[PDB]
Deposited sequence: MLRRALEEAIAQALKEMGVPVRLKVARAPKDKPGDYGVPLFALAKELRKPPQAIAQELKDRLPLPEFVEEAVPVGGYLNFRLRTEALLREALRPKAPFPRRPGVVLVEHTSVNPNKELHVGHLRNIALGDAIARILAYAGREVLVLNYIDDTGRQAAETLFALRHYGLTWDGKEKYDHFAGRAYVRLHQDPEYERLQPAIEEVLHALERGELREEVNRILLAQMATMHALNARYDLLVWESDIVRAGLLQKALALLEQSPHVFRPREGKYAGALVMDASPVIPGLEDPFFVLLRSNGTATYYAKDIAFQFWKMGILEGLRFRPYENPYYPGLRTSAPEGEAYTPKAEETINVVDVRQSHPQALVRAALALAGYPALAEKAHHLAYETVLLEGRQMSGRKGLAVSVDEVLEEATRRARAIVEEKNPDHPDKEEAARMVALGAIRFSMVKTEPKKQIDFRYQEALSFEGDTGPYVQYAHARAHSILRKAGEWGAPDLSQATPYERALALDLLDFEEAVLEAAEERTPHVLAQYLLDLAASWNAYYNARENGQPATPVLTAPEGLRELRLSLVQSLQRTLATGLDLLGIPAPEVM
């Protein structure tokens, strides 16, 4: 790479001076001394010395990489001006996935109750999870995506009960999970809903015995059509009923009771209950006692989360897998009564979860440590996200994802009819634009921030949207289409326009790696907006009454240079878009 190669050379140089710390390089101020710079303020106080002195010091013991023209200590920072030729050369170089590093990173996302159609709240979950999974894989990690199916849940029991109680029969045409959702909705609007609890408990009991799996599977298959349309990928399916058969709960409980911090208080407000004292691993807690088993003997959700986490990291075994029959994913495997025994042996796990319906990371963290796995305790991550509104409306009093998809595809279709009335396949074009608008919207905003999805705004080819980035890709690609083949670029003919654009291209890999390391897809999304903006300003530039950056009319040497730069940009946008699950239309 370039930026990382620079940080590596700086780190190595910092060790030869004493301080074994690693500093991050970042784009230097707008039109200032250099292209990249490193701050020396964190060390300025950690060493009680003038920042400007540390910068000059670093400059003195830093062997310049061949691509660096000059290093300049600038008030606290040490800036680097790159050699234009090397800069261009690195910008033109093809960018591909990084070297593979062994060690499974298990990403769990989606995992919705299999009792009705998906809703907007589930959109962000899927988009965020799929994106981080794709980004991590590209960054070199061995990734596996798991979808947890709670087939024994009360929510599934309620819909199955409703379908029978109301004597509803599938018409054979309505999307099955929508049919189930209607039944669920009628049940909850029923005046005698409370009086029906005993009858619902009876179905719950049969459901818990694993006797209604096929009925649940019918709903899941229809939900999966939505997952597929959202361009999400899955490797494994794990069913709650299989988790029960595997005895993960009891095994986890038996392993935990070996700990001196896992015991049953003989008296107090926990008497008879099995509790885990997390204080020895988690300081500062009013009550460091997580209940695993209530006094009545009933297992807690915390105990079950621990059991499952243990299996994910190979601490426990019991789950068996086989091919999952479905029309969307040929390689998808599901847990089942019969199959090959398997554990992902994950080095790291990532759970994509709603900020509200979430459990404290402290739980599994402490459980992993107390069980004697302090290292793995630091590798159990959570990716919590905020609520998603539809047209400024909260969906908790609702619109299905399938409807948002159809309505967005509807509007996209109209947009493709006017901007390109002669487009060969307009439907495929509309699908890509709608999907891009949705996938990009769901991930461009920091997870901690709330999102308000508005159709027109999200679909606009002019705003900070997926279609905007897609259009920049199609524009760049159309130029290459018209150019045909071209020869060797003449780097010496580069103007400040080529340099500025090439430099933005040098930030792509860092955006990908930071997003992967921090588990923040929005960083990649934001980079793509910036790159698309840079490409547009570059394309639109004019001076003295004429285009200032023409490609096809540029003289020999310059034409080739611009074509290679245009190619690098189109490839970077196509690759970036793909990591966010967004297709890259060639014609728009």
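Asker: Can you list the gaps, in order, where the deposited sequence has no modelled residues?
Answerer: Counting from residue 1, the one stretch without coordinates is 398-401.
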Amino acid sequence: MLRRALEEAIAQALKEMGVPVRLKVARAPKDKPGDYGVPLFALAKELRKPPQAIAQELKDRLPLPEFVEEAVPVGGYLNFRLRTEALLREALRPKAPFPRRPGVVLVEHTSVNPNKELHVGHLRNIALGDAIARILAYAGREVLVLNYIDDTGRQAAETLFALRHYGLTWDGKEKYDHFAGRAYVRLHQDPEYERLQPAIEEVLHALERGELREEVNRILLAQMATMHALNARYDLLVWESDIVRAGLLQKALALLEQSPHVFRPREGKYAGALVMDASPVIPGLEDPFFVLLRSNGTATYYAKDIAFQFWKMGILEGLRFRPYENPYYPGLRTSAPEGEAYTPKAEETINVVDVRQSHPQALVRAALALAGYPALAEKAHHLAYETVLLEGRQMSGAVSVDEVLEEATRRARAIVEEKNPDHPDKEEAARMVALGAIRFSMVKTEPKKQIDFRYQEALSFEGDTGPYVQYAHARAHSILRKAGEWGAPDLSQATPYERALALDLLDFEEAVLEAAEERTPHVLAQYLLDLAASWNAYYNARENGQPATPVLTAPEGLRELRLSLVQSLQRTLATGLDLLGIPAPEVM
From here on, numbers count along this sequence of modelled residues.
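Asker: Quick check on the record: does 569-577 or 15-23 carry the larger mean Cα temperature factor?
Answerer: Per the PDB record, 15-23.
Asker: Looking only at CA atoms, which has the higher mean B factor in the entry: 59-67 or 27-35?
Answerer: The stretch with the larger mean CA B-factor is 27-35.
Asker: Determine which member of 102, 114, 210, 447 has the highest CA B-factor, using the values in the deposited entry.
Answerer: Highest C-alpha B-factor among the listed options: 102.
Asker: Which one of 463, 344, 153, 191 shows the top CA temperature factor in the record?
Answerer: Highest C-alpha B-factor among the listed residues goes to 191.
Asker: Please place residue 314 in the lowest, middle or highest third of its chain according to the CA B-factor in the PDB entry.
Answerer: Lowest third.
Asker: State the tercile, meaning the lowest, middle or highest third, of residue 557 with respect to the CA B-factors recorded for its chain.
Answerer: Ranked within chain, residue 557 CA B lands in the lowest tercile.
Asker: With respect to C-alpha B-factor, does residue 217 fall in the lowest, middle or highest third of the chain as deposited?
Answerer: Ranked within chain, residue 217 CA B lands in the lowest tercile.
Asker: Pull the Cα B-factor of residue 51 out of the PDB entry and bin it into the chain's lowest, middle or highest third.
Answerer: As the PDB entry reports it, the C-alpha B-factor of residue 51 lands in the highest third of its chain.
Asker: Give the position of residue 83 by CA B-factor within its chain, expressed as the lowest, middle or highest third.
Answerer: It belongs to the middle third of the chain when residues are ordered by C-alpha B-factor.
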